[PDB]
Amino acid sequence: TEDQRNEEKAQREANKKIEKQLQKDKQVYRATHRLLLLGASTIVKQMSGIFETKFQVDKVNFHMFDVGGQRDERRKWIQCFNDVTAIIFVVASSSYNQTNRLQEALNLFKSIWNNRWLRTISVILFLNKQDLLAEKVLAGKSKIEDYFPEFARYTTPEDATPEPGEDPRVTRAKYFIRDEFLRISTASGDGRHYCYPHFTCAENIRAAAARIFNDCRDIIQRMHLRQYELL
Amino acid sequence: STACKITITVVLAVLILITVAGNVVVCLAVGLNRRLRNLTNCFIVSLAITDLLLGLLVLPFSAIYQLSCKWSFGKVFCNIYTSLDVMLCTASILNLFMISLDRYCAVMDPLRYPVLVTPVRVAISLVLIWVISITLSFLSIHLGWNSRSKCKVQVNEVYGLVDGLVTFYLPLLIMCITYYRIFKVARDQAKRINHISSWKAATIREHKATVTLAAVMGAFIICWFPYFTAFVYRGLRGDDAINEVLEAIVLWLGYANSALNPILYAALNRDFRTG
Amino acid sequence: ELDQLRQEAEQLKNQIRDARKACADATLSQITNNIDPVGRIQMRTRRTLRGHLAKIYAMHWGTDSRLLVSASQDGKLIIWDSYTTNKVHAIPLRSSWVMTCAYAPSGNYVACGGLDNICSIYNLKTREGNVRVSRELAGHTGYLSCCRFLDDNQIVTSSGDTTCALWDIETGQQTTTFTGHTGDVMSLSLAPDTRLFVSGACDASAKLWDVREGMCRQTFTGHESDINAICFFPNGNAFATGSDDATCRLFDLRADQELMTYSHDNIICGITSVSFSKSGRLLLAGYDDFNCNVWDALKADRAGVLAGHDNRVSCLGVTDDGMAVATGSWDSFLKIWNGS
Amino acid sequence: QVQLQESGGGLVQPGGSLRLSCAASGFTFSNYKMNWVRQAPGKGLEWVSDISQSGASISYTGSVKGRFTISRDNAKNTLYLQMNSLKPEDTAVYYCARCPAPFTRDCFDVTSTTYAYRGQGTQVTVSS
Amino acid sequence: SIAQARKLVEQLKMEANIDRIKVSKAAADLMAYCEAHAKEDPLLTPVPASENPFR
Ligand SMILES: CC(C)CCC[C@@H](C)[C@H]1CC[C@H]2[C@@H]3CC=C4C[C@@H](O)CC[C@]4(C)[C@H]3CC[C@]12C
Ligand SMILES: NCCc1c[nH]cn1
């Protein structure tokens with residue numbers, strides 16, 4: 001029965017070769033970070049059904065996945081992103097007196113925060129298009145007052161850091177939106193995830209990458225500190 | 001006074017029981033489950049194994065010698081006993097040092113961590129630790145590199161200073177620097193969580209880092225500093241320059257660290273507690 | 001104009017309900033209470049296949065009951081031998097996200113698909129010795145959730161744009177498209193004779209289609225939420241469905257309604273996989289509470305528990321000769337279970 | 001079969017009051033969160049209000065706060081909305097919506113592309 | 001709107017006129033099938049260890 005011995009030898013040889021190749025691929029898999037980009041086409045240049053982008057900062061590799069080929073029912077594919085490092089959230093703000101877009105952005109964020117399979121994923125928030133707020137606040141009609149009636153009883157926080165050359169109304173509106181987003185996330189989490197907000201303008205060739213890098217560094221540093229009972 | 005004998009027997013028995021129980025619990029917990037088998041938990045397993053071996057194969061003879069006050073088993077067995085004690089203690093201390101360095105690399109360079117700790121390096125580290133231990137114990141006692149009834153380790157000037165400055169002091173200094181840096185970063189992060197929401201409460205901010213690092217760097221010092229200081233003094237000035245009661249006390253303080261190692265390095269980790 | 005059509009639809013629905021009620025003479029739980037219960041079905045783990053890096057998401061058996069194929073979320077499709085644990089093939093994919101795989105009854109081709117809206121067909125003969133990509137089928141406008149083989153030259157696919165399609169592989173064209181659902185379509189099962197198939201969607205409904213002609217014939221609805229799995233009874237006269245309301249159900253085709261519902265008060269989690277045994281007596285279901293349950297299909301009582309996984313259980317399979325059961329979960333492990 | 005129906009509607013003068021009722025059939029009513037959605041002439045769908053399983057978590061949108069009220073009755077399986085002091089910018093078609101899965105804290109139910117679990121709505125007009 | 005309503009009406013009309021059979025006959029058929037093939041279910045009547053390919 002030499003045929004049986006020959007078959008066993010051939011199978012063992014193929015197994016060893018395949019296992020060697022997989023062992024070589026494991027390192028490349030574990031030395032990369034996945035990110036999901038979600039909106040509610042210009043930003044992707046700053047850094048088909050699905051679009052994949054790859055970049056590298058400080059000898060570290062970053063994936064990015066844009067999902068624009070799907071429909072608006074999200075409850076079934078959003079589940080296949082439960083092992084990513086961060087979720088990049090892009091919102092559009094305005095202050096000109098047809099549809100309330102801030103409300104749907106807030107509701108979608110609230111749904112993502114409390115989902116069962118995404119209870120351990122952090123969110124990086126980009127409050128895009130701050131120029132439109134400045135353009136529409138000079139009109140004298142406050143859309144923010146029309147939709148949100150609690151804006152009148154609002155005072156700017158003590159730790160404000162306004163840019164030189166900005167009307168106080170624009171800054172107060174921006175901090176109002178930021179506080180609205182933080183009030184949702186500071187009521188559910190037990191310490192397993194956080195939220196990182198930022199402002200931009202309707203130009204991040206060398207700006208988005210650095211901020212994403214720093215935020216990911218913070219996320220993993222806290223993840224490791226919390227395991228040893230130091231935070 | 002038989003009451004003293006009863007008290008000493010009770011305390012030695014309870015100490016040995018605690019040591020063996022803790023080590024075997026850690027080993028069984030690691031072995032049974034599969035979620036706790038990973039590359040950063042090999043060091044804890046090595047620590048548990050060495051502590052269990054010391055607690056099961058060295059301590060009872062020391063207890064018998066202490067109570068009876070006469071060695072009655074020959075002369076070769078005494079040499080084997082001394083060599084085994086030295087090797088196990090040195091290995092335990094060096095494993096603690098390795099855990100310290102690993103935590104520093106994990107906290108300080110978090111994006112490049114998985115390309116800086118690989119099984120090859122872990123194996124190299126463990127092999128070097130055990131080679132240094134076996135050398136310094138066995139190849140030194142038998143060849144008579146430390147020589148100048150009773151069964152106690154012999155010390156001269158050169159061996160005393162070399163062992164002291166290679167096994168304890170340099171690791172102590174390096175560990176102090178490392179945990180100082182980690183503590184700075186921990187408080188820096190903790191200052192920033194409590195200033196994002198100006199309408200609610202905060203974390204503890206003082207009982208988290210200060211307590212956990214103080215425990216770790218206090219157990220080590222209290223348990224091991226006096227023994228090595230007495231070691232060096234005894235080597236440099238003579239054997240008739242020390243008292244017996246102090247020597248026994250420092251020896252047993254040294255032995256007692258193996259009872260606290262599992263509690264500190266396996267009950268504060270969240271992965272072990274969860275699984 | 002719309003109101004008249006709505007009233008006509010309501011009248012037709014009332015007609016259907018009355019006709020269905022006219023035939024409910026008895027129930028399955030009255031004339032099936034004179035049969036001995038099976039007992040306790042205790043199974044043991046015989047093998048364990050390791051080597052994946054991320055969550056296994058789909059699995060399918062082969063016709064010889066020896067070789068199997070597994071799809072992982074890291075971009076790997078692996079072909080395993082079960083008796084000896086050896087690996088036979090490993091194939092890397094272009095797009096990491098994969099949601100389905102199949103294995104042709106002839107043994108020569110493999111199929112793959114996912115979030116890229118494309119179905120890839122791979123060849124395994126490979127006289128030159130290299131597993132290469134043989135065909136790429138494109139034309140859906142949503143992610144692809146299931147695919148089954150009819151022969152070496154036809155294929156059936158389900159997409160999340162509320163459509164099903166049939167393809168010929170040599171040309172790369174859509175022969176027929178089945179439309180009429182209202183939400184995403186999740187699973188599909190082929191009949192033993194390959195002339196009909198069922199579809200289950202995210203609107204709490206199931207539909208039966210005829211392949212040759214191309215229209216719907218029956219629509220079944222008894223559920224409260226989305227349907228995630230479906231499978232025929234061995235003789236092609238009934239099927240079973242699992243959903244997200246912690247309840248499985250059994251439907252029959254000649255009577256056009258439901259016969260029995262499996263649920264318990266301790267279960268408040270959804271179902272991700274269903275399958276029958278060889279004789280149609282046991283029913284195996286996979287849950288989100290990390291273990292599988294074995295029910296008795298004719299008594300609606302639990303008979304056994306398979307608890308060996310440490311995360312969500314995703315895929316479940318039963319061989320053709322009924323000698324083993326395979327389970328795959330998000331902990332990146334496959335397990336083969338057998339009795340004794 | 002999941003089925004939802006709406007009743008109450010018509011034309012009212014500014015500053016008036018009105019009531020909307022929603023009846024359900026085909027599911028266990030008391031395990032699901034439920035909410036009220038609204039569509040205006042020439043615009044997209046927007047979310048008005050929502051209420052939870054027991055009645056201990058009620059949330060409104062900004063524009064209708066202080067004028068509209070939500071309630072639910074689990075014995076008779078019904079959902080109520082009370083409209084007070086209307087303005088001309090409220091003329092629309094109103095829909096009753098249900099969240100997809102039981103025992104959850106999240107919803108994905110404003111989608112235009114024929115979301116399954118909501119009814120046909122009622123018409124509300126305000127004018128002279 | 002009109003096209004979808006007409007399609008739904010036509011589909012319901014087509015689904016209205018089919019033959020049907022009583023439930024008890026379906027139950028009896030399933031009972032007969034599950035009783036005929038009882039001796040070829042290794043997951044129900046386990047086989048000895050001398051014929052198990054997995055042990
Ligand atoms: C916290 C614990 C582990 C500290 C150690 C306590 C025990 C082990 C130590 C502390 C005091 C020590 C004793 C101090 C005095 C003497 C008298 C001497 O003629 C024999 C040794 C003997 C009897 C020592 C035995 C060990 C001893 C009892
Ligand atoms: N029991 C500790 C003896 C020793 C170890 N190293 C030096 N001396």
# chains A, B, ... in the order shown; residues from 1 in each chain; ligands from 1
>>> residues_near_ligand(ligand="ligand 2", cutoff="9 Å", atoms="only C-alpha atoms and all ligand atoms", output="list in words")
residues 82, 83, 85, 86, 87, 88, 89, 90, 136, 137, 153, 160, 163, 164, 167, 227, 228, 231, 251, 252, 254 and 255 of chain B
>>> select_by_dssp(residues="range 46-250 of chain B", states="helix (DSSP H, G or I)", output="PyMOL selection string")
chain B and resi 46-57+59-68+76-108+113-115+119-141+157-167+169-193+209-237+239-241+244-250
>>> residues_near_ligand(ligand="ligand 1", cutoff="12 Å", atoms="only C-alpha atoms and all ligand atoms", output="ChimeraX atom specification")
/B:1,3-16,18-19,59,62-69,219,222-223,243-260
>>> write_last_selection(atoms="C-alpha atoms", output="PDB file, in the first residue's frame")
ATOM      1  CA  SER B   1       8.426  27.032  75.511  1.00  0.00           C
ATOM      2  CA  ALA B   3       3.964  27.712  72.493  1.00  0.00           C
ATOM      3  CA  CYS B   4       6.634  29.358  70.340  1.00  0.00           C
ATOM      4  CA  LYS B   5       7.132  26.112  68.420  1.00  0.00           C
ATOM      5  CA  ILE B   6       3.382  25.843  67.829  1.00  0.00           C
ATOM      6  CA  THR B   7       3.176  29.449  66.615  1.00  0.00           C
ATOM      7  CA  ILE B   8       6.128  29.113  64.226  1.00  0.00           C
ATOM      8  CA  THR B   9       4.786  25.840  62.842  1.00  0.00           C
ATOM      9  CA  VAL B  10       1.356  27.395  62.264  1.00  0.00           C
ATOM     10  CA  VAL B  11       2.689  30.469  60.466  1.00  0.00           C
ATOM     11  CA  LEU B  12       5.084  28.493  58.266  1.00  0.00           C
ATOM     12  CA  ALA B  13       2.336  26.026  57.341  1.00  0.00           C
ATOM     13  CA  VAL B  14      -0.119  28.773  56.413  1.00  0.00           C
ATOM     14  CA  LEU B  15       2.530  30.574  54.346  1.00  0.00           C
ATOM     15  CA  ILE B  16       3.384  27.460  52.328  1.00  0.00           C
ATOM     16  CA  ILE B  18      -1.030  30.186  50.550  1.00  0.00           C
ATOM     17  CA  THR B  19       1.913  30.095  48.137  1.00  0.00           C
ATOM     18  CA  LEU B  59      10.692  25.791  51.381  1.00  0.00           C
ATOM     19  CA  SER B  62      14.183  25.425  55.113  1.00  0.00           C
ATOM     20  CA  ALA B  63      11.348  25.024  57.617  1.00  0.00           C
ATOM     21  CA  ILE B  64      12.779  21.738  58.912  1.00  0.00           C
ATOM     22  CA  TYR B  65      16.229  23.293  59.267  1.00  0.00           C
ATOM     23  CA  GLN B  66      14.825  26.328  61.074  1.00  0.00           C
ATOM     24  CA  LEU B  67      12.838  24.304  63.600  1.00  0.00           C
ATOM     25  CA  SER B  68      15.225  21.408  64.288  1.00  0.00           C
ATOM     26  CA  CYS B  69      18.430  23.516  64.132  1.00  0.00           C
ATOM     27  CA  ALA B 219       5.837  45.004  47.733  1.00  0.00           C
ATOM     28  CA  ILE B 222       9.857  45.891  51.275  1.00  0.00           C
ATOM     29  CA  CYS B 223      10.285  42.211  50.449  1.00  0.00           C
ATOM     30  CA  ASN B 243      22.943  38.549  64.151  1.00  0.00           C
ATOM     31  CA  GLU B 244      20.948  35.365  63.636  1.00  0.00           C
ATOM     32  CA  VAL B 245      17.459  36.750  64.330  1.00  0.00           C
ATOM     33  CA  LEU B 246      17.837  39.541  61.770  1.00  0.00           C
ATOM     34  CA  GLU B 247      19.142  37.066  59.194  1.00  0.00           C
ATOM     35  CA  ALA B 248      16.147  34.768  59.645  1.00  0.00           C
ATOM     36  CA  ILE B 249      13.722  37.699  59.437  1.00  0.00           C
ATOM     37  CA  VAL B 250      15.231  39.068  56.225  1.00  0.00           C
ATOM     38  CA  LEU B 251      15.351  35.598  54.643  1.00  0.00           C
ATOM     39  CA  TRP B 252      11.659  35.007  55.282  1.00  0.00           C
ATOM     40  CA  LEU B 253      10.678  38.508  54.154  1.00  0.00           C
ATOM     41  CA  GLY B 254      12.453  37.607  50.928  1.00  0.00           C
ATOM     42  CA  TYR B 255      10.570  34.329  50.592  1.00  0.00           C
ATOM     43  CA  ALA B 256       7.199  36.010  51.197  1.00  0.00           C
ATOM     44  CA  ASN B 257       7.038  37.810  47.807  1.00  0.00           C
ATOM     45  CA  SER B 258       5.901  34.658  45.990  1.00  0.00           C
ATOM     46  CA  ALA B 259       2.647  34.730  47.961  1.00  0.00           C
ATOM     47  CA  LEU B 260       1.841  38.262  46.769  1.00  0.00           C
TER      48      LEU B 260
END
>>> interface_residues(of="chain C", to="chain E", cutoff="8 Å", atoms="only C-alpha atoms", output="PyMOL selection string")
chain C and resi 2+5-6+8-9+12-13+15-16+23-28+31+38+41+46+83+217-218+252+254-256+277-282+322-324+338-340
>>> write_last_selection(atoms="C-alpha atoms", output="PDB file, in the first residue's frame")
ATOM      1  CA  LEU C   2     -56.233  55.170  -5.716  1.00  0.00           C
ATOM      2  CA  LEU C   5     -57.686  50.117  -5.939  1.00  0.00           C
ATOM      3  CA  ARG C   6     -57.058  50.115  -2.182  1.00  0.00           C
ATOM      4  CA  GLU C   8     -60.180  46.164  -4.151  1.00  0.00           C
ATOM      5  CA  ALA C   9     -56.927  45.071  -2.498  1.00  0.00           C
ATOM      6  CA  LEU C  12     -58.957  40.444  -2.063  1.00  0.00           C
ATOM      7  CA  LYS C  13     -57.069  40.176   1.237  1.00  0.00           C
ATOM      8  CA  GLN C  15     -61.056  36.686   0.455  1.00  0.00           C
ATOM      9  CA  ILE C  16     -57.616  35.138   0.965  1.00  0.00           C
ATOM     10  CA  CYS C  23     -59.240  24.729   5.576  1.00  0.00           C
ATOM     11  CA  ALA C  24     -57.983  24.835   9.200  1.00  0.00           C
ATOM     12  CA  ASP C  25     -59.821  21.732  10.376  1.00  0.00           C
ATOM     13  CA  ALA C  26     -57.306  20.720  13.058  1.00  0.00           C
ATOM     14  CA  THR C  27     -53.778  21.522  14.219  1.00  0.00           C
ATOM     15  CA  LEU C  28     -50.436  19.746  14.151  1.00  0.00           C
ATOM     16  CA  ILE C  31     -52.905  14.525  15.853  1.00  0.00           C
ATOM     17  CA  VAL C  38     -37.029  11.200  20.924  1.00  0.00           C
ATOM     18  CA  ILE C  41     -29.702  14.165  22.028  1.00  0.00           C
ATOM     19  CA  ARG C  46     -14.815  15.577  17.265  1.00  0.00           C
ATOM     20  CA  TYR C  83     -11.252  13.528   8.165  1.00  0.00           C
ATOM     21  CA  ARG C 217     -46.885  31.827  -7.135  1.00  0.00           C
ATOM     22  CA  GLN C 218     -47.399  32.069  -3.360  1.00  0.00           C
ATOM     23  CA  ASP C 252     -46.616  23.971   4.107  1.00  0.00           C
ATOM     24  CA  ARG C 254     -50.387  22.707  -0.532  1.00  0.00           C
ATOM     25  CA  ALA C 255     -52.319  24.291   2.358  1.00  0.00           C
ATOM     26  CA  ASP C 256     -50.793  27.800   2.150  1.00  0.00           C
ATOM     27  CA  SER C 277     -31.630  16.452   9.604  1.00  0.00           C
ATOM     28  CA  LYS C 278     -31.721  13.654   7.026  1.00  0.00           C
ATOM     29  CA  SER C 279     -35.126  12.219   7.991  1.00  0.00           C
ATOM     30  CA  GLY C 280     -36.743  15.536   8.912  1.00  0.00           C
ATOM     31  CA  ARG C 281     -37.201  14.861  12.636  1.00  0.00           C
ATOM     32  CA  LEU C 282     -34.679  17.161  14.331  1.00  0.00           C
ATOM     33  CA  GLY C 322     -26.315  12.818   7.929  1.00  0.00           C
ATOM     34  CA  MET C 323     -23.180  11.838   9.833  1.00  0.00           C
ATOM     35  CA  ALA C 324     -21.933  15.180  11.202  1.00  0.00           C
ATOM     36  CA  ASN C 338     -21.279  13.964  16.122  1.00  0.00           C
ATOM     37  CA  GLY C 339     -23.284  11.609  18.303  1.00  0.00           C
ATOM     38  CA  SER C 340     -22.403   8.394  20.098  1.00  0.00           C
TER      39      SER C 340
END
>>> residues_around(residues="range 69-84 of chain A", least_positions_apart="6", cutoff="6 Å", atoms="only C-alpha atoms", output="PyMOL selection string")
(chain A and resi 34-35+49+118) or (chain C and resi 142)
>>> residues_around(residues="residue 88 in chain A", least_positions_apart="2", cutoff="7 Å", atoms="only C-alpha atoms", output="PDB file with N, CA and C atoms, in the first residue's frame")
ATOM      1  N   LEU A  36     -13.728  53.386   8.911  1.00  0.00           N
ATOM      2  CA  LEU A  36     -14.944  53.492   8.112  1.00  0.00           C
ATOM      3  C   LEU A  36     -15.333  54.957   7.986  1.00  0.00           C
ATOM      4  N   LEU A  37     -15.518  55.419   6.750  1.00  0.00           N
ATOM      5  CA  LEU A  37     -15.877  56.804   6.468  1.00  0.00           C
ATOM      6  C   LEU A  37     -17.353  56.853   6.102  1.00  0.00           C
ATOM      7  N   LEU A  38     -18.110  57.670   6.823  1.00  0.00           N
ATOM      8  CA  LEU A  38     -19.557  57.715   6.701  1.00  0.00           C
ATOM      9  C   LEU A  38     -20.020  59.162   6.689  1.00  0.00           C
ATOM     10  N   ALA A  86     -11.905  53.181  14.394  1.00  0.00           N
ATOM     11  CA  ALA A  86     -12.677  54.402  14.563  1.00  0.00           C
ATOM     12  C   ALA A  86     -13.702  54.510  13.446  1.00  0.00           C
ATOM     13  N   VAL A  90     -19.047  62.645   9.234  1.00  0.00           N
ATOM     14  CA  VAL A  90     -19.007  63.947   8.580  1.00  0.00           C
ATOM     15  C   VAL A  90     -20.416  64.520   8.561  1.00  0.00           C
ATOM     16  N   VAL A 123     -15.839  57.448  17.932  1.00  0.00           N
ATOM     17  CA  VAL A 123     -16.313  58.256  16.816  1.00  0.00           C
ATOM     18  C   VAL A 123     -15.492  59.535  16.736  1.00  0.00           C
ATOM     19  N   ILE A 124     -15.040  59.859  15.528  1.00  0.00           N
ATOM     20  CA  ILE A 124     -14.360  61.110  15.222  1.00  0.00           C
ATOM     21  C   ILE A 124     -15.318  61.958  14.404  1.00  0.00           C
ATOM     22  N   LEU A 125     -15.578  63.171  14.869  1.00  0.00           N
ATOM     23  CA  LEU A 125     -16.656  63.999  14.354  1.00  0.00           C
ATOM     24  C   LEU A 125     -16.069  65.203  13.638  1.00  0.00           C
TER      25      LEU A 125
END
>>> residues_around(residues="range 99-107 of chain B", least_positions_apart="3", cutoff="10 Å", atoms="only C-alpha atoms", output="ChimeraX atom specification")
/A:220-225,228 /B:40-44,47,94-96,110-114,116-117,171,174-176,178-179,181-182,185-186,265
